[PDB]
Structures are given as structure tokens and as C-alpha cells.
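Before any questions on how it binds or moves, here is one chain, the form deposited in one PDB entry, in C-alpha cells.
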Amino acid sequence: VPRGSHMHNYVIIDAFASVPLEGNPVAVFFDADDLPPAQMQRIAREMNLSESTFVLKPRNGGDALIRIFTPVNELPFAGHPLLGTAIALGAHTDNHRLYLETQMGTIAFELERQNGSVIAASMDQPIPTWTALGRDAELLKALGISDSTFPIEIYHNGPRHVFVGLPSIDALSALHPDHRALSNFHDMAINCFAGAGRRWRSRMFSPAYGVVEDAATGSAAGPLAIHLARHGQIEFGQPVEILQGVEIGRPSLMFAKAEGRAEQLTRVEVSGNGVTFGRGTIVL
């Protein structure tokens, strides 16, 4: 029974995974031009996934304009939701590349297909800026630890991401943050990392963005590759694999590479697999 003038089709994509029930889900809503943004926000709250996206007609030469909502706020750019959106739209085109307009500009995607299905995509992210957070004691207390292995810096590529280093994967898994205390950190996500060489583990916490713990924070993957190189953990330009979401039962694998030098970054690439979990229609 419709409860509006338009129904909307949607697909659920598990981003940063090659099998369903892993990765980070995103609900992608098609033909969304009739929806007021306040209604988009309410739909995102209804789905209760880390993000829902809304596919709109392009306005600046791209293939589509995408608006991105967490359960509580709109974001101007986000990695897992746009990866899932690109994979979902990939089912309706033969094109190798897709150009998704966002509030941070047009994001270029390269799609990978196997046996007629889009199985993965790679994006060029906005090049982030960064500075010291300057709230170290407060943040470490909220996380329940005494120190970060590296300087605590906050990066901006639309959302904001703070990085806190842990000395081992066991120490990362042992974190039990005070999420009420973390709620004093507005308009940012807290990304905690540990690992070595090519392979890193992450956990992300963001009351500001409406989620206790997120499974795959794609817009943090590019900045982490920069952060690791700036602090001598990898060489600049080394590709990394970032496994997030293990503790919450949503293992997600993000691939990232940042080209250049800290003061002259030229590209920040993030890629991953994705798979369709479901499809449906909503009544408004």
C-alpha cells in the first residue's frame, strides 16, 4: 500500500566485502529526486544503517548526484556509501567508469566486473587536509587508554577523521570506549589503528555521526595511508590493506594508496569489493 505519490526502489550493498553478511551495508535509493532532504534523513533513520544514499539527477556533468545520510546527519562525502552506490549503479550501465557528484565535488570510480556483475570499484578521494586535534588527554580518557603510539591528528575530506594508534591488535580489540564521553567530539569520527607493513586493523567510533562503532569507514582509509606514511610506518605510496569491523562481526577490507609526498599529494585511491545483499521497494 503506497503512503506517498512515489514509491522508491532500493538495493542493499555490503561494501568492502566479497560475500554477503560481511562488510558495511549501505541502502541505495533510486529515483530520489522527489524526496525532500528532511525525508531522506528520516528514511536513513528508518533503515538504521551507517548510511543510506539517494540517487539524483546530475547537475555538473556527472552520471548522478548522490546525497549521503547517516542515521542522524548528512555527510558531504563518505567512502563506503559511495562505493556501494557505484556498485549498485554499475548494474544499470556498461560503462567502465562512473562519475558521482557529491558536495565535495565529482568523485571518479573505476568499476570491475566479473561474469556480468560489478564486483568491486576504486575511487579517487578528495585530498585531505589535517592538523593536530589538540584534545589528547580528553580523547585518550574517553577511549580508556593512556597514550597514542603516534601524534593524534584530525583529517578533513568532507567528514573529519581522527587517528589514534594502538601498540598491538590485541590492544585495539580490548578497547571499550566511553561513548558518552566520545559524544563531546562533534563532527568527527575516531579511528583507532594497529598493524604493520602492508596490513592494518582499524576500529571506528562516532557518536557525532550516529554510530557506536562503524564496520568500514572508507573515507578514513585514504587518510590512514597518509598518516602511516607521515609517521614512518610505511613508505609514501605503499598500498595498504585495512581490516575494520572484526570485533563487531562485520569484517571489512579496505584497500588504500596515497601518491606523492605529504606536502604534494597527487592522488588518494581507495578500493574494495562489494556485493548485493538485497533489493526492495519502500512505500514513499
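Only the largest set of C-alpha atoms that superpose within 1.5 Å between the two forms is called the rigid core. Counting begins at 1, following the sequence as shown.
- Note on 113-121 vs 164-172: mean CA B-factor is higher in 113-121.
- When the two stretches 66-74 and 236-244 are set side by side, the higher mean Cα temperature factor goes to 236-244.
- Comparing the listed residues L98, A189, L82, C192, the entry records the largest Cα B-factor for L98.
- Across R59, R250, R45, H227, the entry's maximum B-factor at the CA atom is seen for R59.
- Per the PDB record, residue ranking by Cα B-factor puts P20 in the middle third of the chain.
- Among all modelled residues in this chain, the alpha-carbon of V270 has a temperature factor (C-alpha) in the middle third.
- The PDB entry assigns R199 a C-alpha temperature factor belonging to the middle third of its chain's modelled residues.
- Among the modelled residues of its chain, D178 has a C-alpha B-factor that falls in the highest third, as given in the PDB entry.
- Per-chain ranking of the deposited C-alpha B factor places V1 in the highest third.
Beyond the structure shown, there is the form deposited in another entry, which is absent from this document and is the topic of what follows.
- The residue that stands out in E247, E259, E46, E241 is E46, the single one whose Cα moves by 2 angstroms or more between the shown form and the other one on a rigid core fit.
- Annotation for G210: C-alpha shift under 2 angstroms between the shown form and the other one, rigid core superposed.
- Superposed on the core, the two forms differ at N73: its CA moves 2 Å or more between the shown form and the other one.
- Relative to the superposed rigid core, the position of the CA of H231 differs between the shown form and the other one by less than 2 Å.
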